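Below is one structure, written out as structure tokens; the observations come after it.
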Amino acid sequence: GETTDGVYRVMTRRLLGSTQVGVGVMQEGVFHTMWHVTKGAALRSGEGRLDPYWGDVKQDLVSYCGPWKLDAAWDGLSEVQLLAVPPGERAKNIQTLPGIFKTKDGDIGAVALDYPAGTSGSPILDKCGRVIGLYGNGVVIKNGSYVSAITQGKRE
Amino acid sequence: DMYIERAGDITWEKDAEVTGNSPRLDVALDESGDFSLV
Ligand SMILES: O=C(Nc1ccc2c(c1)CNC2)c1cc(Br)cc2[nH]c(=O)[nH]c12
Numbered sequence: 016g017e018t019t020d021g022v023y024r025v026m027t028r029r030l031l032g033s034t035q036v037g038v039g040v041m042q043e044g045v046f047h048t049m050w051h052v053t054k055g056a057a058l059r060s061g062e063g064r065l066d067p068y069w070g071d072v073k074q075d076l077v078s079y080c081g082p083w084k085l086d087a088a089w090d091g092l093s094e095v096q097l098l099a100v101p102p103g104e105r106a107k108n109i110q111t112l113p114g115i116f117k118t119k120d121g122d123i124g125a126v127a128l129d130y131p132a133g134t135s136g137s138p139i140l141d142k143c144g145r146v147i148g149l150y151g152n153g154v155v156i157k158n159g160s161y162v163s164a165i166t167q168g169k170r171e
Numbered sequence: 050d051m052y053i054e055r056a057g058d059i060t061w062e063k064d065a066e067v068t069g070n071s072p073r074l075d076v077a078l079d080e081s082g083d084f085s086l087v
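In structure tokens, the structure reads:
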């Protein structure tokens, strides 16, 4: 049904009431979310149905109706905006300067904001409004807080 | 069955709440897409 661009909540009725399991981005007729949010399952958009098209557990990403369309990258110097959509709460932009995840295969941007796991899939943006990645896959630091990677897929 | 609900537009907001730090962490990523500290 609804395929208008924007940020969307991923909900389920399998538990008690309606529970937000994650968030995603609709862009160019493709829904983009994190793999751990849906596990590759089909989603409903009103009367319509969205079927998985591409997915990868290691990258933690999944696209619906078509291939991954988001290809903006963090410039490594500028502040970004996590457009957080928390369970039961209104969408809200949080401006931060990302840190770094140093890995064996190079470095990744990292947003140091802690939100409930149901906020997984929320877009991270550059000054132009472009989606530079998704929030929801990272690590738990000594403090207890979460530090997520700026996870971006590949546009074929 | 999982379903989607619109939550808003994707736009940069001027004068947004500026918070959070910028840490440099040594991480490792396993085959299951899970990160850990080194
Ligand atoms: O657990 C989280 N993310 C996740 C879960 C399952 C998997 C992966 C990532 C990748 N492989 C499978 C998580 C996401 C957010 Br947002 C805030 C959190 N606070 C926490 O303590 N964990 C999380």
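Protein chains in written order, with PDB author numbering: chain B, 16 to 171; chain A, 50 to 87.
By construction, the Cβ of each residue, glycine as well, lies at the ideal position given by its N, Cα and C atoms.
Asked	Found
For my contact list, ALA125 (chain B) and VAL162 (chain B) are in at a C-beta cut-off of 8 Å; report their separation, rounded to the angstrom.	5 Å
Would you identify the three-state DSSP class for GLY121 (chain B), choosing helix, strand or coil?	strand
Hey, would you say the C-beta of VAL155 (chain B) is under 7 Å away from at least one heavy atom of ligand 1?	yes
Could you check where the beta strand (DSSP E) with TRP69 (chain B) kicks off and where it finishes?	67–71
Mind listing the chain A neighbours of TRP50 (chain B)? Cutoff is C-beta to C-beta under 9 Å, in chain order.	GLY82
On the premise that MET49 (chain B) lies in contact with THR19 (chain B), defined as a C-beta separation below 8 Å, what is that separation, rounded to the nearest angstrom?	The pair is not a contact, with the Cβ atoms about 21 Å apart (cut-off 8 Å).
For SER135 (chain B), decide whether its Cβ has a neighbour in chain A, counting only Cβ atoms nearer than 8 Å.	no
Take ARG105 (chain B) as the anchor and find which of A:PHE84, A:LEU78, A:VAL76, A:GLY57 has the nearest alpha-carbon.	A:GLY57
If I'm right that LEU140 (chain B) touches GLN96 (chain B) with Cβ under 8 Å, what's the distance once you round it to whole angstroms?	5 Å
Is it the case that the stretch 30–39 of chain B contacts the stretch 59–72 of chain B, given that we only count it when at least three CB pairs across the two stretches are under 8 Å?	no
Can you tell me where the alpha helix (DSSP H) with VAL52 (chain B) in it begins and where it stops?	50–53
Taking any Cβ of chain A, which residues in the stretch 108–122 of chain B have a Cβ under 9 Å from it, in chain order?	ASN108, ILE109, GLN110, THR111, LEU112, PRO113, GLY114, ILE115, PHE116, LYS117, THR118, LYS119, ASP120, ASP122
Evaluate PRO138 (chain B) with the Cβ neighbour count: other Cβ atoms within 10 Å of its Cβ, from every protein chain shown; 16 or more gives buried, anything less gives exposed.	buried
Could you check whether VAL87 (chain A) and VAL154 (chain B) sit closer than 8 Å to each other, using their CB atoms as the reference points?	no
So the beta strand (DSSP E) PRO138 (chain B) belongs to, where does it begin and stop?	137–140
Measuring CB to CB, does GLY70 (chain B) end up less than 8 Å from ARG55 (chain A)?	no
Residue ranges of each beta strand (DSSP E) run of no fewer than 3 residues wholly in the stretch 68–97 of chain B, ordered along the chain?	76–79
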